[PDB]
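*Asks:* Got a structure for you, final_16.cif, holding mmCIF, C-alpha atoms; chains and numbers go by the auth columns.
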data_my_file
loop_
_atom_site.group_PDB
_atom_site.id
_atom_site.type_symbol
_atom_site.label_atom_id
_atom_site.label_comp_id
_atom_site.label_asym_id
_atom_site.label_seq_id
_atom_site.Cartn_x
_atom_site.Cartn_y
_atom_site.Cartn_z
_atom_site.B_iso_or_equiv
_atom_site.auth_seq_id
_atom_site.auth_asym_id
ATOM 1 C CA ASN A 1 0.000 0.000 0.000 0.00 1 X
ATOM 2 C CA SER A 2 0.944 3.683 -0.095 0.00 2 X
ATOM 3 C CA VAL A 3 -0.855 4.736 3.094 0.00 3 X
ATOM 4 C CA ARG A 4 -1.649 3.065 6.401 0.00 4 X
ATOM 5 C CA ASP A 5 -3.169 3.734 9.822 0.00 5 X
ATOM 6 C CA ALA A 6 -0.579 3.145 12.557 0.00 6 X
ATOM 7 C CA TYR A 7 1.759 4.579 15.189 0.00 7 X
ATOM 8 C CA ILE A 8 4.073 7.059 13.481 0.00 8 X
ATOM 9 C CA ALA A 9 7.669 6.261 14.453 0.00 9 X
ATOM 10 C CA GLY A 10 10.758 8.381 14.901 0.00 10 X
ATOM 11 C CA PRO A 11 14.465 7.441 15.127 0.00 11 X
ATOM 12 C CA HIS A 12 14.676 4.451 15.641 0.00 12 X
ATOM 13 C CA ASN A 13 11.384 2.527 15.610 0.00 13 X
ATOM 14 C CA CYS A 14 10.094 4.583 18.539 0.00 14 X
ATOM 15 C CA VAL A 15 6.530 5.799 18.909 0.00 15 X
ATOM 16 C CA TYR A 16 5.907 9.430 19.811 0.00 16 X
ATOM 17 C CA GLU A 17 4.436 9.567 23.302 0.00 17 X
ATOM 18 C CA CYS A 18 1.657 12.069 23.841 0.00 18 X
ATOM 19 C CA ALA A 19 -0.297 14.106 26.361 0.00 19 X
ATOM 20 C CA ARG A 20 -2.789 15.744 23.950 0.00 20 X
ATOM 21 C CA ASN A 21 -4.677 14.611 20.832 0.00 21 X
ATOM 22 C CA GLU A 22 -3.855 17.827 18.963 0.00 22 X
ATOM 23 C CA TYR A 23 -0.125 17.136 19.406 0.00 23 X
ATOM 24 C CA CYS A 24 -0.662 13.930 17.450 0.00 24 X
ATOM 25 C CA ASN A 25 -2.985 15.410 14.851 0.00 25 X
ATOM 26 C CA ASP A 26 -0.395 18.086 14.111 0.00 26 X
ATOM 27 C CA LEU A 27 2.490 15.600 14.067 0.00 27 X
ATOM 28 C CA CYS A 28 0.558 13.257 11.806 0.00 28 X
ATOM 29 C CA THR A 29 -0.800 15.796 9.324 0.00 29 X
ATOM 30 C CA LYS A 30 2.491 17.658 8.900 0.00 30 X
ATOM 31 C CA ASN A 31 3.852 14.266 7.853 0.00 31 X
ATOM 32 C CA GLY A 32 1.201 13.728 5.195 0.00 32 X
ATOM 33 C CA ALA A 33 -1.493 11.923 7.195 0.00 33 X
ATOM 34 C CA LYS A 34 -5.209 12.761 7.032 0.00 34 X
ATOM 35 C CA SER A 35 -5.291 13.172 10.815 0.00 35 X
ATOM 36 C CA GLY A 36 -4.066 11.732 14.088 0.00 36 X
ATOM 37 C CA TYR A 37 -4.783 11.328 17.777 0.00 37 X
ATOM 38 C CA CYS A 38 -3.186 10.261 21.042 0.00 38 X
ATOM 39 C CA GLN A 39 -3.547 6.587 21.854 0.00 39 X
ATOM 40 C CA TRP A 40 -3.320 6.085 25.628 0.00 40 X
ATOM 41 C CA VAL A 41 -4.104 2.407 25.111 0.00 41 X
ATOM 42 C CA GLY A 42 -3.017 0.469 22.037 0.00 42 X
ATOM 43 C CA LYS A 43 -0.731 -2.256 20.688 0.00 43 X
ATOM 44 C CA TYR A 44 2.326 -0.337 21.924 0.00 44 X
ATOM 45 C CA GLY A 45 0.806 1.678 24.746 0.00 45 X
ATOM 46 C CA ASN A 46 0.881 5.475 24.811 0.00 46 X
ATOM 47 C CA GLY A 47 1.717 6.920 21.419 0.00 47 X
ATOM 48 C CA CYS A 48 0.518 8.979 18.479 0.00 48 X
ATOM 49 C CA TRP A 49 -1.698 7.117 16.004 0.00 49 X
ATOM 50 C CA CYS A 50 -1.982 8.422 12.438 0.00 50 X
ATOM 51 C CA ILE A 51 -4.690 7.930 9.811 0.00 51 X
ATOM 52 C CA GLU A 52 -3.412 7.423 6.246 0.00 52 X
ATOM 53 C CA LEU A 53 0.265 8.064 6.939 0.00 53 X
ATOM 54 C CA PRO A 54 2.295 8.031 3.659 0.00 54 X
ATOM 55 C CA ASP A 55 4.714 5.086 3.468 0.00 55 X
ATOM 56 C CA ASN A 56 7.858 7.241 3.201 0.00 56 X
ATOM 57 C CA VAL A 57 7.295 8.064 6.890 0.00 57 X
ATOM 58 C CA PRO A 58 8.142 5.339 9.482 0.00 58 X
ATOM 59 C CA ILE A 59 5.549 3.519 11.567 0.00 59 X
ATOM 60 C CA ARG A 60 6.151 1.450 14.688 0.00 60 X
ATOM 61 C CA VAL A 61 6.920 -2.156 13.735 0.00 61 X
ATOM 62 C CA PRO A 62 7.831 -5.220 15.825 0.00 62 X
ATOM 63 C CA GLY A 63 11.121 -4.776 17.636 0.00 63 X
ATOM 64 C CA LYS A 64 12.584 -2.378 20.161 0.00 64 X
ATOM 65 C CA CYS A 65 12.709 1.396 20.264 0.00 65 X
ATOM 66 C CA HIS A 66 16.409 2.175 19.840 0.00 66 X
#
Can you present the structure in this file as structure tokens?

*Replies:*
Amino acid sequence: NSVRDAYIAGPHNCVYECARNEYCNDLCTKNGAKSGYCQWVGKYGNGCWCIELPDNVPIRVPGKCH
């Protein structure tokens, strides 16, 4: 695919923790996503979740945040 809903990831395979939904919406959309929100409960715990994040931007995948 070219887009996917998931935890956006930063260097290196680390989710972006969050305190507000807007923080995530901003982070997600400035990276090409349709929108985003803060996930306080999810597959990887607290972290920003993006809707339709372009695939040239990293998402959290199995492994450790390093």

*Asks:* Pick from X:31, X:21, X:1, X:39: nearest to residue 53 (chain X), with all atoms listed in the file counted?

*Replies:*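 Comparing X:31, X:21, X:1, X:39 against residue 53 (chain X), the winner is X:31.
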
*Asks:* May I ask which of the residues X:65, X:57, X:8, X:15 is the closest one to residue 36 (chain X), counting all atoms listed in the file?

*Replies:*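 Once distances to residue 36 (chain X) are computed over all atoms listed in the file, the minimum belongs to X:8.
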
*Asks:* Given the file shown, enumerate the residues that the PyMOL selection byres ((chain X and resi 13) around 9) captures and present them as a PyMOL selection string.

*Replies:* chain X and resi 8-12+14-15+58-66

*Asks:* Just the residues within 7 Å of residue 5 (chain X), please, counting only C-alpha atoms, with nothing from its chain fewer than 3 positions along; format it as a PyMOL selection string.

*Replies:* chain X and resi 50-53

*Asks:* Would you write out, as a VMD selection string, every residue that the PyMOL selection byres ((chain X and resi 54) around 7) captures in this file?

*Replies:* chain X and resid 2 to 4 32 to 33 52 to 53 55 to 57

*Asks:* Excluding residue 22 (chain X) and residues on its chain fewer than 5 positions from it, collect all residues at most 9 Å away from it, counting all atoms listed in the file, and give them as a VMD selection string.

*Replies:* chain X and resid 27 36 to 38

*Asks:* Between X:25, X:35, X:7, X:18, which is the closest to residue 49 (chain X) once you count only C-alpha atoms?

*Replies:*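 Of the candidates, the smallest distance to residue 49 (chain X) is held by X:7.
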
*Asks:* Work out how far apart CA of residue 16 (chain X) and CA of residue 48 (chain X) are and give it in Å to one decimal.

*Replies:*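 If I compute the distance from CA of residue 16 (chain X) to CA of residue 48 (chain X), I get 5.6 Å.
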